[PDB]
Amino acid sequence: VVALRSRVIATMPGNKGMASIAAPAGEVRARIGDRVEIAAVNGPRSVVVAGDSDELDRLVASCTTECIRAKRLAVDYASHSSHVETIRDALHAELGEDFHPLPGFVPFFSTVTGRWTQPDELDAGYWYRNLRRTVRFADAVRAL
Amino acid sequence: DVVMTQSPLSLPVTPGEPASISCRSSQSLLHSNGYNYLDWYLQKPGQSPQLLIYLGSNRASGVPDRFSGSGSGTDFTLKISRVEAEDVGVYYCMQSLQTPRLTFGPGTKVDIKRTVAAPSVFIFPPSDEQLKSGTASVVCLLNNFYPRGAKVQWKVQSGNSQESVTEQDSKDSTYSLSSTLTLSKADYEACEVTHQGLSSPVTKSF
Amino acid sequence: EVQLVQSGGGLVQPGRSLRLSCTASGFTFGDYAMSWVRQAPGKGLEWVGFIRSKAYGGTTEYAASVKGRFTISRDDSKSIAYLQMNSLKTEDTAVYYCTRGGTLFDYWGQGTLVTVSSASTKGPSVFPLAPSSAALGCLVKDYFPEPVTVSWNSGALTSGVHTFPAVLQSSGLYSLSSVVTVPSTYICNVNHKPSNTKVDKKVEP
């Protein structure tokens, strides 16, 4: 799944990337714009952002004017948006063609739902949700 | 001649209850040394057999004293004092007098004892995509029946049916049968059982 | 303490040779007469043969069905008992055992699943079970060899699940029928480990 996802996604760089910052959800979510969305809220004051280029680079530059941990991700690729959602074959189902969901076992934790789930959704649909919806990691940590 | 060794080949035994399995020996296995020459073997389902009782009465070491044993010149009796959820398997009445030992005997189906249930005769016509795939397998499923003393008929006759009967589970303690009728293309265009759970045959077709 | 662990399983065609070794540890190997037992799947045991102790010397006595086909040897310094299979055929598809005595099989090896089948390794023909009006199942016909696990709702439903045993056809293939019994639209998945043929299935009446 991860190998094929990376293989197919290696073409989209040059259009957009992703960034990870520790900025309070409220402010960043107020000032996002021009094809920029919060990919993953990892806390009340830590959010991961997936937006288009020339402003997501300036989103971290919007985080160096406030002097916070600035890391322009050299692994920038496309996720949690529609530029990746267009391919419904290679990046939606060709990643995982085989899957064997487990029962309760020890409670794992998913994020895109924001709550604990059974391990029946862990398949190519989960990666489709990761590339389509947000992550809501903060709600996941609160539920944990 | 060969001594015919035959035990009641089925012993429905329930946990906490004393049972007793006997054996036929057509000839006399009480040898001149004063010791019987018969062996009691238990093949644990999914594991190797175990030596329970040798020389007719002498128990082996390692196995619990539950397996007590005795017998006459011909008639033998393994006095299983008590059965648990572990004591369920196949008991072999093996004579050790005239080597070779090719035949171990059919074996005794020792089963967790419970009252008689109603076999759920479930006729299942084969899927049509199988019929366009080149084969046909109608299955007459039997579920939750005990004891397992029924075979499924195939009328309207039989001869193409194979058996896939499962083992005994724990909390339900029943059996399940799979009469698979492998078939061919043209002959596609009924199953009944004679289990002691009922008396009249139940006839349901595809 | 005593162990008689075995080795030498595999998949063969009728007419070739196979290896079976009985590892001896914990005792004097030359005292007891090593014997070999064959257990047909799900039904009665059949005895193969034994070799007498070299202190006894004696001979190697075999079953009437394996005259001129199987031979048995023994050695003390390296302490391995041998069951040599030559000119194998269909009946030899069974789990063989290594027993500790010619007349007193007091010990019992764990069992090596020796399979002599003419089939080849390929995925199963998963064929469903449309309910009459009830229980829902899915046959797993035409598969080989026999590692297999069939779950329902992808390992979510466990009550009423009956993983029926292997079904031996004349073509050397296998068939399994896992069926659940519950009133209702269920998922059954079969995973054949050797071939990686992972089939998911939706069933309706």
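Chains as they are written, first to last, in the authors' numbering: chain A, 677 to 820; chain D, 17 to 172, 177 to 209, 215 to 231; chain C, 3 to 135, 143 to 193, 200 to 220.
Positions of the beta carbon are idealized from the N, C-alpha and C atoms, including for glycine.
Specify, as a first and last residue, the run of the alpha helix (DSSP H) that residue i falls within.
{"i": "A800(A)", "result": "800 to 808"}
{"i": "residue 822(A)", "result": "What is shown of chain A runs 677 to 820, which leaves residue 822(A) out entirely."}
{"i": "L680(A)", "result": "678 to 685"}
{"i": "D815(A)", "result": "813 to 819"}
Is the CB-CB distance between residue i and residue j below 8 Å?
{"i": "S196(D)", "j": "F129(C)", "result": "no"}
{"i": "residue 173(D)", "j": "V168(D)", "result": "Note on chain D: consecutive modelled numbers read 172 then 177, so residue 173(D) has no coordinates in the structure shown."}
{"i": "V188(C)", "j": "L157(D)", "result": "yes"}
{"i": "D192(D)", "j": "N160(D)", "result": "yes"}
{"i": "residue 877(A)", "j": "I714(A)", "result": "The question about residue 877(A) has no answer, for chain A in this structure spans 677 to 820."}
{"i": "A800(A)", "j": "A766(A)", "result": "no"}
{"i": "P141(D)", "j": "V154(D)", "result": "yes"}
{"i": "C739(A)", "j": "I708(A)", "result": "no"}
{"i": "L68(D)", "j": "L58(D)", "result": "yes"}
{"i": "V218(D)", "j": "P135(D)", "result": "yes"}
{"i": "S193(C)", "j": "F153(C)", "result": "no"}
{"i": "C24(C)", "j": "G111(C)", "result": "yes"}
What residue range is occupied by the uninterrupted beta strand (DSSP E) comprising residue i?
{"i": "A695(A)", "result": "695 to 697"}
{"i": "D17(D)", "result": "It is not in any beta strand (DSSP E) - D17(D) carries neither H nor E in the DSSP assignment."}
{"i": "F107(C)", "result": "Note, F107(C): premise wrong, no beta strand (DSSP E); not H, not E."}
{"i": "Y64(C)", "result": "62 to 64"}
{"i": "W161(C)", "result": "159 to 161"}
{"i": "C203(C)", "result": "202 to 207"}
{"i": "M36(C)", "result": "36 to 41"}
{"i": "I37(D)", "result": "37 to 41"}
{"i": "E100(D)", "result": "That residue, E100(D), is in no beta strand (DSSP E); it is neither H nor E in DSSP."}
{"i": "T117(C)", "result": "114 to 118"}
{"i": "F140(D)", "result": "136 to 140"}
{"i": "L13(C)", "result": "12 to 14"}
{"i": "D192(D)", "result": "Here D192(D) belongs to no beta strand (DSSP E), and DSSP marks it neither H nor E."}
{"i": "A754(A)", "result": "Here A754(A) belongs to no beta strand (DSSP E), and DSSP marks it neither H nor E."}
{"i": "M688(A)", "result": "Per DSSP, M688(A) belongs to no beta strand (DSSP E) and is neither H nor E."}
{"i": "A144(C)", "result": "144 to 152"}
{"i": "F83(D)", "result": "83 to 87"}
Kindly indicate which three-state DSSP category residue i falls into: helix, strand or coil?
{"i": "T190(C)", "result": "strand"}
{"i": "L203(D)", "result": "strand"}
{"i": "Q111(D)", "result": "strand"}
{"i": "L147(D)", "result": "helix"}
{"i": "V170(C)", "result": "coil"}
{"i": "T92(C)", "result": "helix"}
{"i": "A715(A)", "result": "strand"}
{"i": "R75(D)", "result": "strand"}
{"i": "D765(A)", "result": "coil"}
{"i": "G702(A)", "result": "helix"}
{"i": "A726(A)", "result": "strand"}
{"i": "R164(D)", "result": "coil"}
{"i": "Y57(D)", "result": "strand"}
{"i": "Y208(D)", "result": "helix"}
{"i": "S67(C)", "result": "helix"}
{"i": "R102(C)", "result": "strand"}
At 8 Å on the CB atoms, spell out the chain D contacts of residue i, in chain order.
{"i": "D108(C)", "result": "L67, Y70, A76"}
{"i": "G60(C)", "result": "Within chain D, no residue comes near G60(C); the closest Cβ sits about 11 Å away, beyond 8 Å."}
{"i": "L47(C)", "result": "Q59, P65, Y108, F120, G123"}
Residue i touches chain C at which residues, Cβ-Cβ below 7 Å?
{"i": "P779(A)", "result": "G164, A165"}
{"i": "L54(D)", "result": "Ordered by position in chain C, no residue passes the 7 Å Cβ test against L54(D), which lies about 11 Å from the chain."}
{"i": "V126(D)", "result": "Chain C residues near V126(D): none, gap ~15 Å exceeds 7 Å."}
{"i": "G89(D)", "result": "What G89(D) touches in chain C: nothing, since even the nearest Cβ is about 20 Å away."}
Along chain C, in chain order, which residues have C-beta atoms closer than 9 Å to that of residue i?
{"i": "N49(D)", "result": "Within chain C, no residue comes near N49(D); the closest Cβ sits about 14 Å away, beyond 9 Å."}
{"i": "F83(D)", "result": "Those within 9 Å of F83(D) in chain C number zero; the least Cβ separation is about 14 Å."}
{"i": "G105(D)", "result": "Here the premise fails: no neighbours, minimum Cβ distance about 13 Å."}
List, in chain order, every chain C residue whose beta-carbon is nearer than 8 Å to that of residue i.
{"i": "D774(A)", "result": "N211, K213"}
{"i": "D765(A)", "result": "Residues of chain C passing the Cβ test: none, with the nearest at roughly 18 Å."}
Note down, in chain order, every chain D residue with its Cβ under 7 Å from the Cβ of residue i.
{"i": "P130(C)", "result": "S143"}
{"i": "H207(C)", "result": "Those do not exist, as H207(C) stays about 18 Å from chain D at its closest Cβ, beyond 7 Å."}
List, in chain order, every chain A residue whose beta-carbon is nearer than 9 Å to that of residue i.
{"i": "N88(C)", "result": "Residues of chain A passing the Cβ test: none, with the nearest at roughly 41 Å."}
Is it the case that the segment 104 to 118 of chain C contacts the segment 110 to 117 of chain D, given that we only count it when at least three CB pairs across the two stretches are under 8 Å?
Yes, since at least three Cβ pairs between the segment 110 to 117 of chain D and the segment 104 to 118 of chain C fall closer than 8 Å, the two stretches touch.
Counting pairs of beta carbons, one from the segment 180 to 191 of chain C and one from the segment 148 to 165 of chain C, are three or more of them closer than 8 Å?
Counting Cβ pairs under 8 Å, three or more are found: they touch.
Given 8 Å as the limit, is there contact between the segment 28 to 38 of chain C and the segment 89 to 101 of chain C, that is, 3 or more CB pairs closer than that?
Touching, per the Cβ criterion.
Check whether the segment 143 to 155 of chain D touches the segment 122 to 130 of chain D, taking contact to mean three or more Cβ pairs, one atom from each stretch, closer than 8 Å.
Taking 8 Å as the limit for Cβ pairs, the verdict is that the segment 122 to 130 of chain D does not touch the segment 143 to 155 of chain D.
For the 8 Å Cβ check, are there 3 or more pairs between the segment 10 to 21 of chain C and the segment 217 to 229 of chain D?
No, they do not touch.
Between the segment 19 to 34 of chain D and the segment 810 to 820 of chain A, do at least 3 Cβ pairs fall closer than 8 Å?
In the pairwise beta carbon analysis, the segment 19 to 34 of chain D is classified as not touching the segment 810 to 820 of chain A: fewer than three pairs are separated by under 8 Å.
For the 8 Å Cβ check, are there 3 or more pairs between the segment 163 to 177 of chain C and the segment 772 to 781 of chain A?
With the rule of 3 Cβ pairs closer than 8 Å, the segment 163 to 177 of chain C counts as touching the segment 772 to 781 of chain A.
Could you say if the segment 19 to 29 of chain D and the segment 91 to 109 of chain D meet the contact criterion of at least three C-beta pairs nearer than 8 Å?
At 8 Å Cβ cutoff, the stretches touch.
For the pair the segment 78 to 96 of chain C and the segment 37 to 56 of chain D, tell me if three or more CB-CB distances fall below 8 Å.
These segments do not touch.
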